[PDB]
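Residue numbers (this note's numbering), protein chains in the order written: chain A, 39 to 120; chain X, 476 to 879; chain H, 23 to 304; chain S, 24 to 159; chain Y, 24 to 159.
The beta carbon of each residue, even a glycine, is placed where N, CA and C say it ideally should be.
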Ligand SMILES: [K+]
Ligand SMILES: [K+]
Ligand SMILES: [Mg+2]
Ligand SMILES: [Mg+2]
Ligand SMILES: [Mg+2]
Ligand SMILES: [Mg+2]
Ligand SMILES: [Mg+2]
Ligand SMILES: [Mg+2]
Ligand SMILES: [Mg+2]
Ligand SMILES: [Mg+2]
Ligand SMILES: [Mg+2]
């Protein structure tokens, strides 16, 4: 008998996909204990997700405190040479 | 030029594998269409109204120069139209079934059937959710792949495209032989509709009704425990209460109310319906919803023009394919007539105002032959060819002949 | 955009028993097939002497079909939130598990109760082993028409120069299409081939199953790697209370948010004449 | 508790049969298949090594304080054993997240009976037939 | 086990109530109403005397190697006793295919409670409340 939280069932759950994707987009690093709830780490099996901050758009978008040139909001992975 | 196409088509790939496209759909996607169709409620009723508008008004068969076809079929004369009307006795039902299927699914599909003697029996539809086409490098259907429920699972076969027939209403391009499901095309709008319906129903249960909240004890006073609340719950139990119950208390009992928390579920329902009806191309009125300034005048005339144009486009698309891929093969293989004849199948317009057509005839009948009048009026032409061909009324000639 | 709406399949075992044996759709879960005695020789006698009796004696092979079952239970919270139809997936799995069940019952009877054996002792394991095994059955006055084969045996057989060389096979089909070649189903007088999976035979290592007498395989001293037999003399007896065949039912719990799918079939497998069958041994 | 199939590791479904699913608060972080006992009011924690600490097996991984589904007694379960076991052996929570036999333990009665035998570190199939608490 | 009506003998229905019906292979030929225990992987055999050997009662007659349905914990059953029994007696397998009282046996704990008394060699009605395995 399988509940939605049961270990053999997690890959069938739409929310397990959605929250793992959403976790990768929120993180700045692989340090899960710092960034997430113990509940999220267990429920979405975040040890197994390749969380490292590389999939977060704010890693690449410039957001300098003083901007005289409208440079903020440019994403480096969208330039000519990326 | 050339005798085979020399532009390529997108319509080739790794079969029913793990990629996503409108022609690359799986048997699971076909059963997903079937589940939306089966499960009823508002979504199914709208798509049934769409089928009834396009195909529910019935049909007529024409042959250009029909009388010239006159030939003995079985010791008695028929024309090709008379033979087709005997070959397809219940064509009004068949057109509604196939026309319905071809709106829901990417295609309607079926078989020719013979008697044991080998005379034509019927065109027999097949369950479209069970069948998918296999296509060549130029997008033409080579084989049909079927899977169906069987004792303990699914039973599978392949059939040659040479002895099925299929019809496509919705297409990605005029080159597309596989077509598009309007259900799968608009699946997001269908999901959004169903989610908001569930959300409204749940919200009505929680929030649509007031609820009693008895608070017990003085504020900053002695605490009241669960066993103490049990003896209070007994006094105010809603199952035991009746409309004109009165209450007597000390100062430290408060009968508060969770009010019904007003939200405009009517406007949410109207918004969902406006989204879904327009997604399915129906007028808003098909969903039992209306709007200001759209009920009359040029604003009404336009939306009904758009609807009638949409219907004509579907009707012609179906009519041509049914004649070319069902009727002509049946004439060719089971009939003494010429299959290259100018057969037409025309499907009736669902929204004709007979009273407007009648008033048109009053105004300009003086410029129409009696047969043209009979056609517009939807009646058989006169039995006498000069009467049929003449312009002035059959009654107006008949009263003059009575003058002889 | 939306995530991948897909599941990748596991290993699928080869299912052949319904084709590779005589199938009886029994009216009862237990029953009997009647068997006649062997042919004899009319005895010499003098003139005017009494003709002695030696009439046809009979016996039976009993069938005793066992309910194979497989089941699954899932919460409606999971069923509603699934990537794909979980009930369709569990239906397909349950159906597959019962077909695999039939094939285990069939193959275990087929291998254990075949009354003849050809021991290859290594050496000539290809066409010569099939011809020798037909010889063993022919020597008991039956004629086989089918063979059942392990993956190891298939690999040996398709390395045999008598099949792998177009000159020697008379066609290049075995070299081109291997198992799908028409010669592979038309060899040594056998007009059918039934390619089995390795896991099919009952080792007794699987839960709820207690093993057969042999080792099924073709890669170590004493393994049985093929069976050459008469398809009309091995019976697969299927019984179902509510139809001809496997029944799947959709359970829904009276109280909890639980749904499930359960399949069942009753199967037995029995030789009519075990002498009509020979195993091939490594 | 894990099954290997080629490259892949699959979690075994813990509950084979039964409907004695019952919900408790996790007193600590717990993982699927662990034996647990009552540690506070409706609160369950991982069982210690001998008698008197068993209510059921945890069905899914939980953080501390989350609600836990247990398979109680009257259930058949797939469980990891820390030692060799055989059919008819009574087994008991081991203190290590596994079970072990009553014969090995300091106790004299089990909580489950082995239906299918298993080696040390393998998955056994067993029927849970009893709970154990504080008798003093 | 049998009941008599006029000249006729009828088989008794071994099960009165309960849903705890479970499937095993028979390790030998068994008769309906016999107490049985695990003797191999999912394999059951007739219980010997004095405890440590009871999973349930066999529900219908079987030959060796056939699948047997068995009633266990939470079932209420009609079973033949070896000796006189009374309501509230604890009973356990006798080693003879019957049950007997704990009081008569060398054991100290039973497996079923007698709900309706019976004389020697006839059917009592009893509720099965426990299983017994190898504790060593
Ligand atoms: K110890
Ligand atoms: K004794
Ligand atoms: Mg106070
Ligand atoms: Mg019989
Ligand atoms: Mg005589
Ligand atoms: Mg004789
Ligand atoms: Mg012989
Ligand atoms: Mg090839
Ligand atoms: Mg149960
Ligand atoms: Mg009960
Ligand atoms: Mg119980």
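Do you know whose CA, among the options, lies nearest residue i's CA?
| i | options | result |
| --- | --- | --- |
| residue 308 of chain H | H:140, H:102, H:260 | This structure gives no information on residue 308 of chain H, because the portion of chain H shown stretches from 23 to 304. |
| residue 296 of chain H | H:95, H:191, H:225, H:136 | H:136 |
| residue 112 of chain S | S:102, S:90, S:121, S:139 | S:139 |
| residue 229 of chain H | S:39, S:25, S:27 | S:39 |
| residue 292 of chain H | H:32, H:52, H:37 | H:52 |
| residue 655 of chain X | X:847, X:497, X:827 | X:497 |
| residue 86 of chain H | H:300, H:301, H:289 | H:289 |
| residue 783 of chain X | X:626, X:798, X:757 | X:757 |
| residue 765 of chain X | X:747, X:623, X:796 | X:747 |
With DSSP run on the structure shown, which of helix, strand or coil describes residue i?
| i | result |
| --- | --- |
| residue 73 of chain H | coil |
| residue 261 of chain H | strand |
| residue 103 of chain H | coil |
| residue 569 of chain X | helix |
| residue 55 of chain A | helix |
| residue 893 of chain X | The question about residue 893 of chain X has no answer, for chain X in this structure spans 476 to 879. |
| residue 711 of chain X | helix |
| residue 811 of chain X | coil |
| residue 97 of chain Y | coil |
| residue 90 of chain Y | strand |
| residue 529 of chain X | helix |
| residue 591 of chain X | coil |
| residue 81 of chain Y | strand |
| residue 42 of chain Y | coil |
Run through chain H and tell me which residues come within less than 7 Å of residue i, C-beta to C-beta.
| i | result |
| --- | --- |
| residue 148 of chain S | 229 |
Measure the CB-CB distance between residue i and residue j and report whether it falls below 8 Å.
| i | j | result |
| --- | --- | --- |
| residue 103 of chain H | residue 53 of chain A | yes |
| residue 607 of chain X | residue 502 of chain X | yes |
| residue 801 of chain X | residue 598 of chain X | yes |
| residue 133 of chain H | residue 236 of chain H | yes |
| residue 99 of chain S | residue 51 of chain S | no |
| residue 49 of chain Y | residue 82 of chain Y | no |
| residue 53 of chain Y | residue 72 of chain Y | no |
| residue 100 of chain H | residue 27 of chain H | no |
| residue 133 of chain Y | residue 115 of chain Y | yes |
| residue 532 of chain X | residue 855 of chain X | no |
| residue 156 of chain H | residue 250 of chain H | yes |
Name the chain H residues whose beta carbon is nearer than 8 Å to that of residue i?
| i | result |
| --- | --- |
| residue 12 of chain A | Any question about residue 12 of chain A goes unanswered here, given that chain A covers just 39 to 120. |
| residue 65 of chain Y | 229, 230 |
Anything in chain Y within Cβ reach of residue i, meaning under 8 Å, just list it in chain order.
| i | result |
| --- | --- |
| residue 133 of chain S | 156, 158 |
So with CB distances below 9 Å, who are the chain X contacts of residue i?
| i | result |
| --- | --- |
| residue 106 of chain H | 503 |
Note down, in chain order, every chain S residue with its Cβ under 8 Å from the Cβ of residue i.
| i | result |
| --- | --- |
| residue 46 of chain A | 33, 34, 35, 36 |
| residue 72 of chain A | Chain S residues near residue 72 of chain A: none, gap ~16 Å exceeds 8 Å. |
| residue 57 of chain A | Per Cβ cutoff of 8 Å: no residues; residue 57 of chain A is ~14 Å from chain S at best. |
| residue 43 of chain Y | 97 |
Along chain X, in chain order, which residues have C-beta atoms closer than 8 Å to that of residue i?
| i | result |
| --- | --- |
| residue 113 of chain H | 628 |
Please list the partners that residue i has in chain H, where partner means a Cβ-to-Cβ separation under 9 Å.
| i | result |
| --- | --- |
| residue 139 of chain S | 229, 230 |
Since residue i meets chain S, which of its residues come closer than 9 Å, beta carbon to beta carbon?
| i | result |
| --- | --- |
| residue 114 of chain A | The premise fails here: residue 114 of chain A is roughly 36 Å from chain S at the closest Cβ pair, so nothing lies under 9 Å. |
| residue 62 of chain Y | 110, 111 |
Taking Cβ-Cβ distances shorter than 7 Å, what residues in chain X pair up with residue i?
| i | result |
| --- | --- |
| residue 96 of chain H | By Cβ distance, chain X contributes nothing, its closest Cβ being about 18 Å from residue 96 of chain H, past 7 Å. |
Along chain Y, in chain order, which residues have C-beta atoms closer than 9 Å to that of residue i?
| i | result |
| --- | --- |
| residue 125 of chain S | 156, 157, 158, 159 |
| residue 86 of chain H | 86, 89 |
Please list the partners that residue i has in chain A, where partner means a Cβ-to-Cβ separation under 7 Å.
| i | result |
| --- | --- |
| residue 83 of chain S | 41, 43, 44, 45 |
For residue i, return the contacting residues in chain A, with the cut-off set at a CB-CB distance below 8 Å.
| i | result |
| --- | --- |
| residue 55 of chain S | 44, 45 |
| residue 100 of chain H | 40, 41, 42, 47, 50, 51 |
Taking only runs of the alpha helix (DSSP H) that begin and end inside the segment 818-845 of chain X, which ones reach a length of at least 4 residues, in chain order? Entirely contained in the segment 818-845 of chain X, the alpha helix (DSSP H) runs reaching 4 residues are, in chain order, 829-839.
In the segment 612-698 of chain X, which residue ranges form an unbroken beta strand (DSSP E) of at least 3 residues, counting only runs that do not cross its ends? With a minimum length of 3 residues, the unbroken runs of beta strand (DSSP E) contained wholly in the segment 612-698 of chain X fall at 616-625, 628-635, 639-642, 686-691.
Kindly provide the ranges of any beta strand (DSSP E) runs that are 3 or more residues long and lie completely inside the segment 93-166 of chain H, ordered along the chain. 138-141, all fully within the segment 93-166 of chain H.
Every unbroken alpha helix (DSSP H) within the segment 60-91 of chain A, with a cutoff of 4 residues, ordered by chain: Runs of the alpha helix (DSSP H) lying entirely within the segment 60-91 of chain A, each at least 4 residues long, are 70-73, 76-81 in chain order.
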